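Next come the chains, spelled out residue by residue.
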Amino acid sequence: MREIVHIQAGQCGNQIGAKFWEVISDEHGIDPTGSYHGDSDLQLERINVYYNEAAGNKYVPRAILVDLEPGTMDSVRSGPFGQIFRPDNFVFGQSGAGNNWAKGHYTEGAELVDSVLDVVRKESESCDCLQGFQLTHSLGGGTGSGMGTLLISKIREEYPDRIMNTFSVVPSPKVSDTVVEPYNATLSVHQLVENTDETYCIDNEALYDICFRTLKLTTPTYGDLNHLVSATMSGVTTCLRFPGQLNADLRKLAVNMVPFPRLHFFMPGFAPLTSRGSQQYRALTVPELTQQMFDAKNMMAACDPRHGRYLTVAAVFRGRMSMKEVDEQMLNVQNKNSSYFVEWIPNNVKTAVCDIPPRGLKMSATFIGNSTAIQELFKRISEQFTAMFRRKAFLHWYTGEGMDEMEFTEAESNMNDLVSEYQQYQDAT
Amino acid sequence: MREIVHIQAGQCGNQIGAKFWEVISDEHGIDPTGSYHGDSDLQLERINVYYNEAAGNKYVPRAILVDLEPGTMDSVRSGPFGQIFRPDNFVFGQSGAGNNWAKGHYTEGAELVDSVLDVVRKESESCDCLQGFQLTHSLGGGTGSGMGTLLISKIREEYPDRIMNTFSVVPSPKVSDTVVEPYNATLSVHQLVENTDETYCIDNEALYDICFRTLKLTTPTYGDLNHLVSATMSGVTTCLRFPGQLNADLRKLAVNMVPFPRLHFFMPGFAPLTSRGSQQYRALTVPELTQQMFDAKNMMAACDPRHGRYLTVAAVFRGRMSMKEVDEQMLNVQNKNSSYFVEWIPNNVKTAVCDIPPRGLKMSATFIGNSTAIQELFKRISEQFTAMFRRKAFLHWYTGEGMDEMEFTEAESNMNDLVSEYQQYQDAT
Amino acid sequence: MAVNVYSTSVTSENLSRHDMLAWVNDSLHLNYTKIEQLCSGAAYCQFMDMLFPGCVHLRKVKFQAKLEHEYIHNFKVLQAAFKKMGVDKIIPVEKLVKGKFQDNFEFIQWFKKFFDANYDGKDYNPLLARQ
Amino acid sequence: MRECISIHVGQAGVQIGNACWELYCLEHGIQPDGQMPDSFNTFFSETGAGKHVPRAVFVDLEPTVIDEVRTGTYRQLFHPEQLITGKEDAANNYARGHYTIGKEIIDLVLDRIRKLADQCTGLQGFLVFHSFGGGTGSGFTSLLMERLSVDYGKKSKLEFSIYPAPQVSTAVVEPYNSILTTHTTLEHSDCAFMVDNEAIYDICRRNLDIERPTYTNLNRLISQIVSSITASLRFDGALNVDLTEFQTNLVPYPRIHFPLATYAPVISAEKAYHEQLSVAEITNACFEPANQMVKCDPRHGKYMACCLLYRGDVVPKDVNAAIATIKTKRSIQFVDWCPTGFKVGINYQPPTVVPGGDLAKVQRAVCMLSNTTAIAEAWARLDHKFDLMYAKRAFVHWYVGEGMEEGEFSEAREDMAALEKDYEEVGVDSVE
Amino acid sequence: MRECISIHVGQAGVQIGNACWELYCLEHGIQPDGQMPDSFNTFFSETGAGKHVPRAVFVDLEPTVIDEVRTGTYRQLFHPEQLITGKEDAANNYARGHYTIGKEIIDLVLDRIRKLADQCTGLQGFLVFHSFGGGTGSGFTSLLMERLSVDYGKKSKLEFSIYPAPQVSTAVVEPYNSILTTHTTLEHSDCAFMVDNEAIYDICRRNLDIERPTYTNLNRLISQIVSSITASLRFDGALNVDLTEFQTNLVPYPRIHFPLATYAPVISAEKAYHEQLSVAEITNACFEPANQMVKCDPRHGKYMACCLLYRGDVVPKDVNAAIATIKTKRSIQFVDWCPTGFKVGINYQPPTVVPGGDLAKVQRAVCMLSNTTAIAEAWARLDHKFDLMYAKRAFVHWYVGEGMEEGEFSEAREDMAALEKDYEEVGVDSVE
Ligand SMILES: Nc1nc2c(ncn2[C@@H]2O[C@H](COP(=O)(O)OP(=O)(O)OP(=O)(O)O)[C@@H](O)[C@H]2O)c(=O)[nH]1
Ligand SMILES: Nc1nc2c(ncn2[C@@H]2O[C@H](COP(=O)(O)OP(=O)(O)OP(=O)(O)O)[C@@H](O)[C@H]2O)c(=O)[nH]1
Ligand SMILES: Nc1nc2c(ncn2[C@@H]2O[C@H](COP(=O)(O)OP(=O)(O)OP(O)(O)=S)[C@@H](O)[C@H]2O)c(=O)[nH]1
Ligand SMILES: Nc1nc2c(ncn2[C@@H]2O[C@H](COP(=O)(O)OP(=O)(O)OP(O)(O)=S)[C@@H](O)[C@H]2O)c(=O)[nH]1
Ligand SMILES: [Mg+2]
Ligand SMILES: [Mg+2]
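About the cut-offs
- Residues numbered from 1 in each chain as written, not as in the entry; some residues may be left out.
- Chains lettered and ligands numbered in written order.
- Part of a larger assembly, values for the part shown.
- Heavy atoms only, no water.
- Residues with missing side-chain atoms left out of burial classes, pairs and counts.
- Domains from an automatic or database assignment.
- Contact = heavy atoms within 4.5 Å.
- Salt bridge = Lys/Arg side-chain N within 4 Å of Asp/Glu carboxyl O.
- Polar contact = N/O pair within 3.5 Å; in protein donor to acceptor, adjacent residues only side chain to side chain.
- Near = heavy atom within 4 Å.
- Areas by Shrake-Rupley, 256 points an atom, 1.4 Å probe, with all protein chains shown as cover.
- Helix = DSSP H or I, 4+ residues; strand = E, 2+ residues; numbered from the N terminus.
- UniProt positions renumbered as here; feature names shortened; annotations may be inferred.
- Buried < 20%, exposed > 50% of the residue type's maximum accessible area, 1.4 Å probe, protein only.
- Nonpolar A, V, L, I, M, F, W, Y, C, P; charged D, E, K, R; others polar.
- Pairing = 2+ DSSP bridges.
- Axes fitted to C-alpha atoms, helices over the stretch in contact; angles between N-to-C directions.
- Buried area = accessible area lost by both parts, 1.4 Å probe.
- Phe/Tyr/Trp six-rings, centres within 6.5 Å; stacked < 30°, edge-to-face > 60°.
- Parallel < 35°, antiparallel > 145°, perpendicular 65-115°, else oblique.
- Left-handed = near helix turned anticlockwise from the far one by under 90°.
- Core = buried A, V, L, I, M, F, W, Y, C linked by side-chain atoms within 4.5 Å.

As stated in the entry header, the method of structure determination is cryo-EM and the reported resolution is 3.3 Å.

**Q** It is not clear to me how the domain arrangement of chain D should be interpreted in this structure. Could you clarify?
**A** Residue and element names in this part refer to chain D. Taken domain by domain, chain D comprises domain 1 (1-259), domain 2 (260-374) and domain 3 (375-432). With 47 residues of domain 1 in contact, the opposing surface of domain 2 contributes 39 residues. Viewed at the interface, domain 2 and domain 1 are joined by five salt bridges. Between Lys295 and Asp202 there is a salt bridge, and its shortest N-O distance comes to 3.6 Å. If you look at where domain 1 meets domain 2, you find twelve residue pairs in polar contact.

**Q** Would you take a moment to explain the site of ligand 2 for this structure?
**A** Residues and elements named next belong to chain E. In the vicinity of ligand 2 there are 19 residues, among which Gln15, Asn92, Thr136, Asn197 and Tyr215 approach most closely. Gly137 has a polar backbone atom sitting 3.3 Å from an oxygen atom of ligand 2. Protein chains bury 90% of the 650 Å² of accessible surface belonging to ligand 2 in isolation. Element by element, the count of residues in the shell around ligand 2 is highest for helix α1 (residues 10-28), at four residues.

**Q** Just checking my understanding: could you explain the UniProt feature "binding site: GTP" in chain A for this structure?
**A** Residue and element names in this part refer to chain A. Those places that UniProt annotates as "binding site: GTP" correspond, in this numbering, to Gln11, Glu69, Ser138, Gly142, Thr143, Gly144, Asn204 and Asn226. Spanning 216 residues, the named residues do not form one spatial group; their C-alpha atoms are separated by as much as 22.8 Å. Tracing the chain through its elements places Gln11 in helix α1 (residues 10-27). Take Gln11: its relative accessible area is 14%, and that puts it in the buried class. Relative to the elements of secondary structure, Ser138 occurs in strand β6 (residues 130-138). Not counting chain neighbours up to four residues away, the residues in contact with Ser138 comprise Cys12, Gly144, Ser145 and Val169.

**Q** Can you help me understand the interface of chain A and chain D in this one?
**A** Often, the extent of an interface is quoted as the loss of accessible area on bringing the components together. Counting residues at the interface gives 39 residues for chain A and 43 residues for chain D. When contributions to the side of chain A that touches chain D are tallied by element, the ones reaching two or more residues are α1, α7 (181-195), α8 (204-214), α13 (375-389) and α14 (395-399) of chain A. Classifying every residue of the side of chain A that touches chain D gives 14 nonpolar, 16 polar and nine charged.

**Q** Is there a simple way to explain the pairing of strand β8 (residues 198-203) of chain B in this structure?
**A** Looking along a regular strand, one sees side chains alternate from face to face of the sheet. All names here are of chain B. With six of six residues buried, β8 lies mostly within the body of the structure. Because side chains alternate across β8, one face comprises the buried residues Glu198, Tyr200 and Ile202, and the other comprises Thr199, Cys201 and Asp203, equally buried. Pairing of strand β7 (residues 163-170) with β8 involves six bridges; the strand directions are parallel. Of the residues in β8, the one forming a bridge with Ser168 is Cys201.

**Q** Can you walk me through the site of ligand 3 in this structure?
**A** For ligand 3, the set of nearby residues contains 16 residues, the closest of which are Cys12, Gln15, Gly142, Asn204 and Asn226 of chain A. Ligand 3 sits at the junction of chains A and D, each of which supplies nearby residues. At 3.1 Å, a backbone N or O of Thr143 of chain A approaches an oxygen atom of ligand 3. Here an oxygen atom of ligand 3 and a side-chain polar atom of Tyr222 of chain A are 3.0 Å apart. Broken down by secondary-structure element, the contributors of at least two residues to the shell around ligand 3 are α1, α6 (143-158) and α9 (222-241) of chain A. Broken down by element, the shell around ligand 3 gets its largest block of residues, four residues, from α1 of chain A. In terms of residue class, the shell around ligand 3 is built from two nonpolar, eleven polar and three charged.

**Q** Explanation requested: the UniProt feature "active site" in chain D in the structure shown.
**A** In this structure's numbering, the residues bearing the UniProt feature "active site" are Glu245 of chain D. Along the chain, the position of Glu245 of chain D falls in helix α9 (residues 243-250). Overall, the relative accessible area of 11% leaves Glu245 of chain D in the buried class. The contacts of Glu245 of chain D, once residues within four sequence positions are left out, are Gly98 and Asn99 of chain A together with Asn240 and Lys343 of chain D.

**Q** What am I meant to see in the sheet that holds strand β11 (residues 310-319) of chain A here?
**A** Residues and elements named next belong to chain A. The mixed open sheet is built from eleven strands, whose spatial order is β5-β4-β1-β6-β7-β8-β10-β13-β11-β12-β9. Here the strands that pair on one side only, and so sit at the sheet edges, are β5 (90-92) and β9 (244-246). Here the strands of the sheet are splayed against their neighbours by 20 degrees on average, with no regard to which way each runs. With seven bridges joining them, β6 and strand β7 (residues 163-170) adopt parallel strand pairing. Within the sheet, the bridge partner assigned to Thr136 lies in β7 and is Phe167. Of the strands in this sheet, β1 (3-9), β4 (63-67), β5 and β6 touch helix α5 (residues 108-126), which is tilted by about 175 degrees from β4. Contacts from helix α10 (residues 250-257) reach β1, β6, β7, β8 (198-203), β10 (265-271), β11, β12 (349-354) and β13 (363-371) within the one sheet, and its direction differs from that of β11 by about 150 degrees.

**Q** Teacher, can you tell me more about the pattern of salt bridges here?
**A** Pairing between side chains of opposite charge can happen when their charged atoms approach one another. All names here are of chain A. Scanning all chains against the criterion turns up 86 salt bridges over all chains. In this structure, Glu123 and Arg86 form a salt bridge, with 3.5 Å as the shortest nitrogen-oxygen distance. Of this pair, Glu123 sits in helix α5 while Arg86 sits in the loop between α3 (71-78) and β5; the two residues are 37 residues apart in sequence, bridging distant segments of the chain. The exposure class of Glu123 is buried, given its relative accessible area of 6%. Looking at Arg86, the relative accessible area reads 9%, which means it is buried.

**Q** In this structure, what is going on with the domain arrangement of chain A? I would like to understand it.
**A** Residues and elements named next belong to chain A. Segmenting chain A into domains produces domain 1 (1-259), domain 2 (260-373) and domain 3 (374-429). Centre-to-centre, using C-alpha coordinates, domain 1 lies 26 Å away from domain 3. Note on domain 1 versus domain 3: buried area summed over both sides is about 2100 Å², and carbon and sulfur give 70% of it. On the domain 1 side of the contact with domain 3, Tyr183, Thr186 and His190 bury the most area, a combined 33% of that side's loss. Joining domain 1 to domain 3, the criterion identifies zero salt bridges. For the side of domain 1 that touches domain 3, the secondary structure elements donating two or more residues are α4 (101-105) and α7.

**Q** Even after reading the chapter, I still don't get the packing of aromatic side chains, so can you show me in this structure?
**A** Under the defined criterion, the tally for this structure stands at 111 aromatic pairs over all chains. Geometrically, the ring pair formed by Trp344 of chain B and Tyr425 of chain B is tilted, given 5.6 Å between the ring centres and 50 degrees between the ring planes. Taken as a pair, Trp344 of chain B in the loop between α12 (323-336) and β12 (349-354) and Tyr425 of chain B in helix α15 (residues 405-427) lie far apart in primary sequence, 81 residues in all. Among the residues examined, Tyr425 of chain B registers a relative accessible area of 14% and is labelled buried. Considering the side-chain rings of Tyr303 of chain E and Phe334 of chain E, the 5.8 Å spacing of their centres and the 45 degrees angle between planes classify their relative orientation as tilted.

**Q** Sorry if this is basic, but what is going on with the arrangement of the chains here?
**A** Taking C-alpha atoms as the reference, chain B and chain D come no closer than 14 Å and do not contact one another. Contact between chain A and chain E is absent, and the least distance between their C-alpha atoms amounts to 20 Å.

**Q** Would you take a moment to explain the packing of helix α4 (residues 106-118) of chain E against helix α5 (residues 135-152) of chain E for this structure?
**A** Residues and elements named next belong to chain E. Running from amino to carboxyl end, α4 crosses α5 at an angle of 45 degrees, the nearest separation of the two axes being 11 Å. By the angle class used here, α4 and α5 are oblique. Note on packing geometry: the crossing formed by α4 with α5 is right-handed. Residue-level contacts link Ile106, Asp107, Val109, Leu110, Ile113, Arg114 and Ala117 of α4 to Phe140, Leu143, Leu144, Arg147, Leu148 and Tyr152 of α5. Broken down by class, the residue content of the contact of α4 with α5 amounts to ten nonpolar, no polar and three charged.

**Q** What is the right way to read the interface of chain E and chain B from this model?
**A** Contacts between chain E and chain B engage 43 residues on the former and 39 residues on the latter. Contributions of two or more residues to the side of chain E that touches chain B are made by β9 (237-239), α9 (243-250), α12 (316-328), β12 (342-347) and α15 (406-427) of chain E. Looking at which element gives the most residues to the side of chain E that touches chain B, the answer is α12 of chain E, with six residues. In terms of residue class, the side of chain E that touches chain B is built from 19 nonpolar, 13 polar and eleven charged.

**Q** Could you clarify how one ought to interpret the nonpolar core in this entry?
**A** Within the largest apolar cluster, 112 residues are counted, with the highest numbers of intra-cluster contacts made by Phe394 and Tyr398 of chain A together with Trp379 of chain D. In terms of residue count, the dominant contributor to this core is helix α13 (residues 375-390) of chain D (eight residues). Setting aside residues up to four positions removed in sequence, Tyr398 of chain A forms contacts with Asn99, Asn100, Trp101, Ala102, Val180, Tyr183, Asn184, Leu187, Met403 and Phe408 of chain A. Residues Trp101 and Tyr398 of chain B together with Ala305 and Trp337 of chain E belong to the second largest nonpolar core, which totals 111 residues.

**Q** What's the story with the environment of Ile368 of chain A in this structure? I'm lost.
**A** Residue and element names in this part refer to chain A. Following the sequence through the fold, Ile368 ends up in strand β13. Taking relative accessible area as the criterion, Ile368 reaches 3% and is therefore assigned buried. Each C-alpha atom of the pair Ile368 and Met267 lies 6.0 Å from the other, and the pair is 101 residues apart in sequence. Not counting residues up to four positions away in its chain, the partners in contact with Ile368 are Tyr200, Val236, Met257, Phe266, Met267, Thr312, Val313 and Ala314.

The following block contains the structure:
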């Protein structure tokens, strides 16, 4: 009953993915071997959403791990929880893509993709009623971006009526992690616009800010960053996995959040977030949570929501709380912040409530904003792309793999059109 | 009540045969001395199918071991289980055939054949109701191929109303094990087409692939390969030896699988097949088994079933399982893979179920496919034969033993006709 | 005597998948839709005939090959043609015959360069060569 | 799995190789006899029981330098067939290296490479160590590269080069050798990492307080840089970079494939105790011109790519912070066609320190690979040097005597002229 | 049961025999006195109590070489009647070997063979060791073969031959001897395994690092090859090959019965420690022309049959894999009439190593027997040599003086011409 198929591509994709898996196992009372050691029957009721039941009281993640290099896979295998994964679901190459989108999409990735697809099909067939797919990856590298997009394209072709959702780690504005990342992102976005139903934009710049400023982590590590992402991810599927009072799911959320097909790029957020010492000096009531949710400093995408307008917002609450109170809070935010919400979508806040809170907390909240400010990010990428492409810098690395300028051009154009569309709705009255 | 007489020819024939015997003894609770040390009365009920009861609570395989060289026989005798065999049932020459079909069929083999026949007749007379004969051998050498075919011919003449089944190890496509193997195979096939009721085509190329890719055996050995073959073999007779819910036997299987007399060459398969570590991460339900059975990578013949159509498929299941489920699975495979099944044989899947599973497993499955793709193999052999015969290469080795070109020619023609026949049914609507 | 060339890393000296396949289809009058279809070796054998008539035993080529060994056979003919003409480039047969895109695309990149170095513009009807 | 084949050509290449393989052994816990009481495997193949053998070839045209290896401490480390020597050297003559003497052993060298490569399941590529100035380092290396390009195709090839200094030469004919080898190797190399002996000496004197640094010291320093480059492949890391990634991120146009290496921190133990070495602190050290290993001025050039490879106790956020501040800095200008100039690698393993070495043990290190229009200056200098001698045909008769043709000199020079112009063109900012 | 009778003719045959029987004794644990403190039995008959005697005949026309055996370490190993000597040698004259001197001992030799054969229950056949060049090796061997053909009929006969080198001769009349003996033996031999002293010397120098290899070394090497051929009969194996199988799988036409032997690996202990010797690795070694034991170029010929005999720690799948990759390789071309070119044998017993030998102890070995159109070159050379001397009738008077007729020379030559043409015809590919 509503199986989700999980896919992880590249280093980023696999590191976030592992963390996510760890989070989920703890929630469902699953230990590193796949055995259930939980307390309550509710933990097992909907375990089939993420786990296949194997022989002898074991549960195995419906997870496929993909990379053109093996080192990350090895690391995962050696990690805490590494042994829970099905060995045949690790599909790795030997070559790599050399941070090149073309290599991931057309060359090395192409050589590996069939093997992935075979696994995926089997996984799909395992499920009684497949909800769809969640892909974790970056847009800036070669495998996650090129191979990942290719995978998406094929999956969509095979299963056009199932939901495709992605958790994409997007390039940062202040500093680049690779030199060709604008190319890789731009290409990837071209695929994503046509082939995903929803995309959560996660940015490391935002994450670091959150960790340093809000969480008071002097020197946050990638693991810590991943944890936040995992928390968000778990939040989005909580209403599918536990009984609630007003229950959401992936389809409903998409419907509420996506008024036009191309505009499916979300700014995710999570609340609450406090230091170790600072948590004793404040109570986690719903209004506090709401307040934490609605501000620029708590968004995981490096763009200010105050630079645009919200088309829609979905808020997913976990824990025992008063529905009336929640509704009041939702009303209040809309009324007081009227100028940040588009005027032609009345009641553009959607609420979901799941009775099961996450571990350690009595209540939490997950925020999904569809904000016209995300256009800024796209614009930056377009600018960076242009600056390089006009001088044909690095181009021979991609053309050498069989790619043509036309493909690049078209991709750029598509990106530009999306930006224009975003602008149009931002400006409409 | 339904005695089977087992015959082993040459090195291959004897190595596979020994393994088979080992498998069978374990199943029926027989130790290396012939004494029953099993648990259940069901293990002894139908022990007479493969064993003669000797004086003093001992059971002896109804097995005849034949070779033109003694070394293999000696090895068998010295092996674990070597002492279980009747000493007078080892019939070996001193000369060999020098990898020459002619020597096996007309010369050295001829000198030994009468002695074999004498034993065989006695064995037949031992039995209350002889079902027939199973011969294990290769087609590529001299003894298994030439002597074996001769033996078959004589046996058929003597006992024309009994079933003759063969487990033939067929030459590989990528590499040849001997230079004259096309001649030896072609000649052998000429005899087999006219004198066997069913022939299981087993190919070492396929076997290695299975062992390396599916079983995750880095460096598989011939013993391991033989084990797989033995498992298949045991599977085919399981319904004759144990009570079941829908019981098959050798005759029934032949009837279901052979719509035209010459088309009796099967592609055998076995399921399940897993690594040592990988078995804990999956449950052996019937659908899984079915899925494992129906694919190209799990066939023990080096030909892709997707290059032809299935005329018929027999599936034999062992273990406690639901008949309904089995039937559903059978229906499902037919419906979804419609294009791979000939349209003029409705319901071309036959099912048998035996309640006794093999040791170590709760359920297993054995697959017998009559696929028009096997024609590829025959074509290859014909091509190889032609290439050599047109230049009369190596011919003096055979003509020197009294053989004429006419015999070769006729054999070639017969093979070609079979191929044509296969093609005709493949193409028919 | 036939001249020989090398390919590593150069700009404005490449060909897109589409363009390369167009070239192969126009040159040999066939209808490939994937560059990986060149893995059968028949096309390469034909190209050798067109470049250096008599360097290849085309009567031995299997133009309707479907199986790995058939493809291997074509590449043996190609190998022999290369040896006869003194082209020193090692053909990665095992990788090519698996029909992998990367290996085939790199090989055709080199082959195109080799062809351009050596082709004198003569016209021939490849249909007769084929059958 | 991801094997890396190392080739050490001529005296410089061999001697640096000695330093590199010594370091690798210490890093993987391999003794000088090949024994150890899984990460090693990219650099060492394994045989029988309790022995590990470098994936390396050492070649020189004379026996003396390699004979030291044969008779020395690591005699048991290498298999005899991977230590290749001729009889007579190339006598600082590219011609002898490329043609007369080199054509006698090239087949042998390549045959052994083929044998090495046959035992690789996932060959990443080749690391070639040599100099620009020697007859073997110039002529033989060029030859070798040509053959490798033919026999292996698009497999990644990397070069570590002792580029000639502005005012510190050994030979008189260095400019000739440098120019010809650059010309001949250009279309065959994917990326070449220049290093300059003068600069390293300065570093040794200034940063390590060494009055009289020896070639050994330089070699040791080089070994550190090489280790940083391959540590991402030999160890687990937070964010990883492989040999194929460099040429993508550091080479914007095919001919402009000369990034420069800078390592930090290079300090003595006595000096290390009074300093806390943060990521910001070492990054700043790197991005200051005095710590560079080529005697050139980046302040007078523009950056086209920077790749920063951190190792040890390093935290991604910290690195990001460090880089951000360096971006602001006046002394760091980037070309106008390149808004993203940084590629960043972070590996968990701290730099290993050779017993009896000049460097102190640190919790963090960083190796920057940067590509700068300032390198054009060096090329200009070299061309000028060539011009001065060639105008008089000084030493030309030697080259011709070894089978070179005079026209090839002019050819090499014109190609280098073109190269110089290419850099210049790249330098200028975009119209509109 | 499956007995094998060995005949050692002349100096080469006897000396190689010394090396072979020394090896067999070590392999079966038989002491030099015939004692041991069941596999032996194909090569050794057993007598009374605690003594084992070679199924062998040693023959030479002079006493000196056999006298060494009689007085030597293995004096007690052989029965006196199996060591046969005349008084005067054949003086490098085929005529003396075949007629004048040979006709005096042929009856004796055959009588002893008959006695040996009478104690065999399952005679597989004969292994005959000799050379092409000596008067005994050429003339006597031919005589012997003729008689054996008559008295035993279709029993398999195999030859191991020291074929003459291209540019390394002992005698001047070698070509005459070679040609006549090949002519006379051709219709009587089923398969003959050529080996060349030059090639073995090269192997010794190149692969074993021996400055000055002696005939002993060569003999030892030969003994290995012979052991590989008969190990399948003397030991248990996974997949087996017997003496009757070779002639079926290696001889496509009656006259084309000259396969060539190649053994791998041939290494010293010092070199073996840095190498892991896989099936693929040794197979590749074998299939490279430098490791061949006849100085000929297979790259310039085509293979008609290859038989690969593996021994020791060898796994069938691995062998299959190895062969498959070699099939792809450009340097391996097969004749068009032969889509299946490989016969493969695998035996469990690792190669035994003679104490004080030049070869290191390995887990695996392989012996290839291959038949190649490249052998035609050797024949052409030999014919040319014959022609040059015969045109002047150089040395002819000797042969005539010993009862040969001049017409027989021309006869031999024409037969060899025909043989040469037969190879040529076989070479070309099939029409349509
Ligand atoms: N860093 C460093 N540079 C070296 C070393 N040895 C030589 N060099 C430099 O290399 C150049 C001389 O080239 P060599 O490698 O000695 O010459 P070669 O390659 O042996 O060539 P020939 O002797 O001419 O055959 C000069 O610029 C030297 O300063 C060394 O151990 N370390
Ligand atoms: N490999 C090897 N070759 C040998 C040996 N002794 C001789 N030869 C070769 O055998 C040929 C000479 O023939 P021999 O066997 O000495 O002569 P013979 O058979 O005794 O004949 P006559 O003395 O003429 O009666 C030359 O090609 C020698 O190189 C040996 O111990 N080993
Ligand atoms: N939050 C988070 N971001 C990461 C992680 N790993 C990498 N990134 C970010 O993702 C980008 C590169 O991701 P990466 O994983 O290298 O893509 P890739 O395609 O797998 O890289 P490749 O195989 O082509 S070399 C960088 O911007 C980096 O900052 C991680 O574990 N967590
Ligand atoms: N699966 C399997 N195949 C084998 C075995 N032994 C041999 N073969 C295969 O069978 C073929 C040769 O079989 P072999 O047993 O030599 O026939 P034979 O007739 O007995 O051989 P001979 O007496 O004429 S020399 C080869 O292709 C080989 O790969 C075995 O134990 N298992
Ligand atoms: Mg030198
Ligand atoms: Mg003599």
